[PDB]
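Read the structure below first, then the notes.
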Ligand SMILES: [Br-]
Ligand SMILES: [K+]
């Protein structure tokens with residue numbers, strides 16, 4: 035029963051991988067970005083921010099936040115298309131689709147494809163797989179994964195079918211024997227590139243190039259408008275084509291190759307130029323694979339459409355010392371580089387970088403060891419793109435951000451370019467945990483990949499993620515309810531796990547010691563008075579107690595490894611745990627636990643929380659469609675639970691400031707109520723619910739982490755997996 039809400043991202047700016055940036059070839063300032071887990075965006079030049087286009091993807095079709103390819107129509111810039119779906123293994127139960135729009139992504143219609151799309155799979159930086167004929171814009175191609183080959187629509191994307199005459203679907207998988215079933219999928223037909231001079235407006239383009247992840251048959255061509263196809267004669271072998279860029283001014287195809295599909299690796303490759311009139315091949319690599327010291331392949335290939343003798347390419351991948359970008363102003367006959375060695379470990383630079391708007395991009399390290407700098411130029415830089423309307427502007431994606439320059443041709447006159455982040459509005463993090471204390475800052479985030487932050491102001495990017503320790507991913511965070519400046523957090527670092535503690539609300543932290551066997555953060559609880567920590571680390575065989583604020587540990591005998599731990603928010607002697615349908619309680623401040631409930635709680639449930647101000651009041655959410663599912667509450671410190679009749683399904687629960695005149699905190703759930711999936715609030719102890727999101731604001735596989743706000747009625751901090759941390763307020 036909806037209430038009008040306003041939803042916004044807590045401001046972080048970026049934080050994830052941007053495998054593709056796409057400029058429209060006819061309309062200036064029209065730019066899109068595709069992400070691997072976080073949907074797609076359109077740039078708004080009036081507000082200098084990105085606009086998310088796929089927030090209407092919901093609980094059952096969540097994989098469609100994986101955006102494997104996107105095409106914006108040069109001939110009709112209101113038209114845009116996306117290939118969506120997240121995994122090609124069992125982690126995404128649904129097939130992929132092609133989405134079509136006639137209003138720049140404000141709305142879409144879907145056409146399901148009879149196979150999966152791998153928006154968050156290996157190979158996702160190769161592209162674009164989707165391409166629109168620039169002369170007859172009713173014709174769209176899609177290079178598919180899996181060996182499904184080349185697919186096509188002749189009706190503006192509404193219907194799709196296999197191109198029967200294209201008979202090489204690709205034969206490369208990163209690791210065909212991967213027991214984890216992630217690196218083992220056929221990456222397929224990886225890009226489609228038209229020659230626009232091969233037709234005229236209204237008539238089918240006759241010349242089409244296609245890249246295939248097949249070391250021995252990387253490049254195909256049609257000269258009859260896609261009726262027949264054949265491998266390009268004389269092409270090089272041994273490598274996979276990440277990008278194929280065609281210039282009709284000089285009549286040349288440029289291809290960037292690497293020895294893997296990316297995006298995290300690549301040890302060798304080449305850049306080649308095919309001249310279409312003569313059929314000649316020329317190796318234009320800045321550093322060719324015949325050179326003994328090459329230690330990367332190539333991607334990030336882009337041509338300057340305003341001045342098409344100029345092109346750039348980039349390392350796929352140089353982790354050390356940093357990425358390298360190359361620029362040629364003579365069609366690849368010679369290059370210069372964005373940095374050079376002077377005397378190792380020192381370098382000279384053709385760029386400067388200003389992260390004032392996104393200061394956490396130095397990863398908390400303002401004392402890098404040469405030859406590294408901080409922030410770095412980038413990594414996972416598969417998409418590097420010159421603005422086809424402005425030779426001075428370039429944008430590129432990394433595994434954390436988008437950087438941009440507006441003075442690129444400064445390079446050509448011997449100067450430095452300026453690079454800055456360009457991610458306002460693009461919010462791509464996965465939220466693992468979140469807390470809102472009753473004093474101090476409104477919220478603390480625990481994030482994948484970039485650690486997380488104290489957010490002093492929801493409208494301002496935080497200065498730094500947590501340091502000392504700096505986790506790559508913070509998996510769990512807690513504060514002592516009766517002493518909220520005392521906090522703990524656990525997470526991942528340096529291939530294992532660790533714990534951080536603070537007594538000044540994160541003004542400074544320090545790192546505790548580890549119990550045996552820690553391989554990842556797992557989850558943590560802090561007693562209500564700060565006097566005890568219970569940590570269930572990843573990898574460890576047990577759950578551990580500290581009475582020394584993380585300095586030392588002792589094993590808890592009764593708990594299963596990896597149990598979910600929660601403190602009572604009132605009584606410092608009480609802790610709780612949940613694992614696989616058994617609920618456990620401690621009344622001796624975490625030293626020992628006993629099983630209290632072994633029936634009626636779904637085995638799959640793994641979220642529960644004690645209520646601030648209410649000793650022994652606990653709400654529990656979880657289950658599955660094939661077992662039982664819903665929301666349970668205990669008012670007796672976990673001795674028994676009762677299922678709420680008013681909820682069909684629930685996946686998480688939290689509490690926030692009570693409604694005026696109400697006798698209990700407001701309750702927020704991720705769930706299904708009266709046959710509607712969404713986000714729900716109850717201000718009467720669960721007796722009824724009101725939906726606080728809406729069908730355009732669903733955010734896919736959200737809700738791993740949520741928190742209400744004890745100081746602000748109506749507010750929910752809503753974590754997502756790829757759309758950052760949202761806050762909703764009653765309007
Ligand atoms: Br490297
Ligand atoms: K490498």
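Residue numbers (the authors' numbering): 35 to 765. Backbone N, C-alpha and C fix where the C-beta goes; we use that ideal spot for every residue, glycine too.
Query                                                                                                                  : Result
Distance, residue 166 Cα to residue 175 Cα                                                                             : 6 Å
Below 7 Å from a heavy atom of ligand 1 - residues by beta-carbon                                                      : 329, 330, 351, 352, 353 and 354
Where residue 62 sits in the DSSP three-state scheme                                                                   : coil
CA-to-CA distance, residue 611 to residue 598, given in whole angstroms                                                : 5 Å
Cβ pair residue 248, residue 477 closer than 9 Å                                                                       : no
Other residues of its chain near residue 492: CB distance less than 8 Å, five sequence neighbours each side excluded   : 42, 44, 45, 476, 477 and 761
With 16 other Cβ atoms within 10 Å as the buried cut-off, status of residue 549                                        : buried
Proximity test, residue 300 beta-carbon vs ligand 2 heavy atom, cut-off 8 Å                                            : yes
Between the CA atoms of residue 596 and residue 625 - distance to the nearest angstrom                                 : 17 Å
Residues near residue 313 in its chain [Cβ-Cβ closer than 7 Å; skip 5 each side]                                       : 267 and 268
For residue 346, the residue or residues it bridges with in DSSP                                                       : 336 and 361
Reduced DSSP category for residue 370 - H, G, I as helix; E, B as strand; rest coil                                    : strand
For residue 182, three-class secondary structure by DSSP                                                               : coil
Inter-residue CB distance, residue 185 and residue 732 (contact presumed, cutoff 8 Å)                                  : That pair is no contact at about 28 Å.
Option nearest residue 36 by Cα separation, candidates 637, 459, 729 and 146                                           : 729
Pairwise C-alpha distance: residue 320 and residue 688                                                                 : 55 Å
Beta-carbon proximity list for residue 341, same chain, < 6 Å, skipping 5 on both sides                                : 425
Cβ neighbours of residue 68 in the same chain (closer than 6 Å, five flanking residues each side left out)             : 54, 74, 101 and 104
Assigned exposure category for residue 235 - 16 Cβ within 10 Å defines buried                                          : exposed
CB of residue 606 within 9 Å of CB of residue 561, strictly                                                            : yes
Where residue 154 falls, given that 16 or more other Cβ within 10 Å makes a residue buried                             : buried
Nearest-angstrom beta carbon gap, residue 740 and residue 686 [assumed within contact, 8 Å]                            : 5 Å
Nearest neighbour of residue 781, chosen from 390, 531, 756 and 404 [CA to CA]                                         : Outside the shown range of the chain, which is 35 to 765, sits residue 781, and nothing can be said about it.
Contacting residues, own chain, Cβ-Cβ under 7 Å from residue 272 (five flanking each side not counted)                 : 249
Identity of the residue in 530, 94 and 564 nearest residue 573 by Cα                                                   : 530
For residue 706, the nearest candidate out of 591, 725, 695 and 696 (CA to CA)                                         : 725
Run of the beta strand (DSSP E) containing residue 246, from where it starts to where it stops                         : 242–246
Cross-strand partners of residue 682 (DSSP beta bridge)                                                                : Partner(s): none; residue 682 has no beta bridge.
Span separating the alpha-carbon of residue 147 from that of residue 129                                               : 6 Å
DSSP bridge partner residues for residue 763 (one or two, in chain order)                                              : 40
Close-in-space but distant-in-sequence residues of the same chain around residue 84 (CB under 6 Å, 5 per side omitted) : 75, 77, 459 and 460
Option in 750, 697 and 678 with minimal Cα separation from residue 720                                                 : 678
Cutoff 8 Å; reference residue 237; Cβ partners in own chain excluding five residues on either side                     : 169 and 170
DSSP-derived helix/strand/coil call for residue 17                                                                     : Shown here, the chain extends from 35 to 765; a query on residue 17 therefore has no answer.
C-alpha gap between residue 212 and residue 521, whole angstroms                                                       : 40 Å
Cβ shell of residue 363 (< 7 Å), same chain only, five flanking positions each side left out                           : 343, 344 and 446
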